[PDB]
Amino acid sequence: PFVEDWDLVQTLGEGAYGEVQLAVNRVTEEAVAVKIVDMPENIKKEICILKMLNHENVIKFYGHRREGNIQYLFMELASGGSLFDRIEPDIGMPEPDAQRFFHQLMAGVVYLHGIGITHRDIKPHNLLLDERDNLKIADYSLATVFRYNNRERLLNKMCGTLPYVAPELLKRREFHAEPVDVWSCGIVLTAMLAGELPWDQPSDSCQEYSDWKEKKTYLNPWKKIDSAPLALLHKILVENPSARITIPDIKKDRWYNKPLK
């Protein structure tokens, strides 16, 4: 299987709609990633957002080709695979590696927000790694514009992944985009530091979430996390989105700025 000059050589991942393949150019040996979609107002938006992206912690879009019912979206390859696969279950990863990834994730998210794009599904499966283990935010199939001509639009559509999703998204008819992405970054931070997700969803009927709101940090996963990163998580995973820490203030946090191995 192939497309114009590229061979499709290995399945890198399966998706709801699609598949991502390792594409290797027959002549040049360049290797890229190609997302293959069967059957497009949506993918029209997606491609449009994809052509905006230019930042070292965001997956680069190379171009696309339509061949019948199939669209081929060519993108930078992340040959390190996903962050998901660097997280040891029940353990996490070393704190200095978690911090570095968190810095890189912030740099990507600030970039996105700066161009008025929200990603809306930040989680370790969507955070890929290049050959030097530089983090790249991938998959813009749920991404959308929240700021345009310097005017913010609130969101109303429910989407994302329940364990990463902010509580306002389940309780409010409309909500601001930025604090939803900040929240998912805090759940990613927890996963990195504890190798476990704290709750099934941030709802009033989920006991693990009530436990957090009651500050029972002698329970897992919090008891596995050092007090400095945990103090940051206390400012990110705040139920009311107007009281939640913003990225400019994350950048002032004591753990964020702590030198580590």
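When you see a residue number, it is the position in the sequence shown, counting from 1.
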query	finding
Size class of the missing deposited segment between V27 and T28	none
Greater mean Cα temperature factor according to the PDB record, 231-239 or 45-53	45-53
Segment of higher mean CA temperature factor, 112-120 or 78-86	78-86
Candidate residues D200, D226, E214, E196, the one whose C-alpha B factor the record puts highest	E214
Third of the chain, ranked by Cα B-factor, where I137 sits	lowest
Third of the chain's Cα B-factor distribution that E14 belongs to, per the entry	highest
Ranked C-alpha temperature factor of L73 among modelled chain residues, by third	highest
Cα B factor band for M192 (lowest, middle or highest third within the chain)	lowest
Chain-wide C-alpha B factor ranking for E178, given as lowest, middle or highest third	lowest
